[PDB]
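To begin, one chain is listed below as C-alpha cells, in the form deposited in one PDB entry.
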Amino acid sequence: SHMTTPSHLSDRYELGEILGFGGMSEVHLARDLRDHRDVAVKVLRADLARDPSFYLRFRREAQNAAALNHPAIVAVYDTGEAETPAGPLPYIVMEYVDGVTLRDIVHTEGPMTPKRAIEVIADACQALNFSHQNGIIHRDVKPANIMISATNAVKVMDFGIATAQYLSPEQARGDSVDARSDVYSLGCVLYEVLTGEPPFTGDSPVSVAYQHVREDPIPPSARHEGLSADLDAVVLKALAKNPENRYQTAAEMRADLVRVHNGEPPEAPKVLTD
C-alpha cells in the first residue's frame, strides 16, 4: 500500500538515481560505501513488495541469479534484505552498466546496422558460451537482458533463472531446456535488432507461443531492407524449430556471425526468397 524504497540499504548502499524497472524490480544506481564502488541494486518494486506472490518470487529468483566472471556478463556481487516499516525489501547487488538495453535501442533508434547487430550478437554469444561451459543455461535471453555500455561493450545479464516473444519452442511446450534454447532466444534478439521487430507477435502469449512452436518466421530480408540472404540463413538456422537443426552451441552461432561479418559464406543452409 505505501512501501517506498529507502535512501540507504543495509547501511552500506546509498541509492542514487533510478536506472530502470521491469515486471518485478526497480534498478537503482548506488554507492557501495564500504568498497567505494558504484553498483546497480535490483530491488523488489516498492508497489509490489507487500504482495506475497511477488515477494516470494523475488526471493526464489535472487538465490538463483548466477554469479559468473566474464567481461561480457554482469557480475552479481551480493544479495540482501532491508527492514522497513512497511515490511522487508529484498535486493540484489550487481555490476553497474552505464548504457542502454537492446530493448531501448530498438525502441528509440529502430533497427541496428547489420554489421553492428552482428557484432553485438557475436559478443553475446561469447557470454553464453562461457555460461554454458560453466553449466548454466541463461533461460531468459531477450533484448532487455543485453546492454551496450557507453564505451560500446556488450553486457549480458540475469542468467539461470527458471514475455513470450523470446521463448524457445521447448520452453513453450514444457520440454527440456539446454544450450540450444539460448541459441533460439538469441536468434530472436538478432532478428529484432536486424528488422526492428520480434519474429512473432500476437494478441496473447498463448498466440505467440503457438507461433514459436508451429509457424516459420518471415525471413529477415522480407521484413526489412538492406539484409542479405546470408544473414537470413544464419538467423533462420538459430530459429529452427527442432533443436537438432539449430546451432548446437553458442560458439557455432558466433562462428557463422563472424563469417557473415567478414563477407564469407556461412555454413547455415541457404534460404531462398522471392
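What we label the rigid core is the largest C-alpha set whose atoms superpose within 1.5 Å from one form to the other. Just count from 1 along the sequence shown to find any residue number.
The protein also exists as the form deposited in another entry; that form is not presented, and the subsequent description refers to it.
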C-alpha of residue 210: shift of 2 angstroms or more between the shown form and the other one, rigid core aligned?
no
Threshold 2 Å Cα movement between the shown form and the other one at residue 56, rigid core reference:
yes
I want to check residue 45: does it shift between the shown form and the other one by 2 Å or more at the Cα, with the core superposed?
yes
Have a look at residue 57 and residue 133: in that other deposited form, are their Cα atoms closer together or farther apart than in this form, given the change is 3 Å or more?
closer
Relative to the form shown here, do the C-alpha atoms of residue 175 and residue 66 sit closer together or farther apart in that other deposited form, given a change of 3 Å or more?
farther
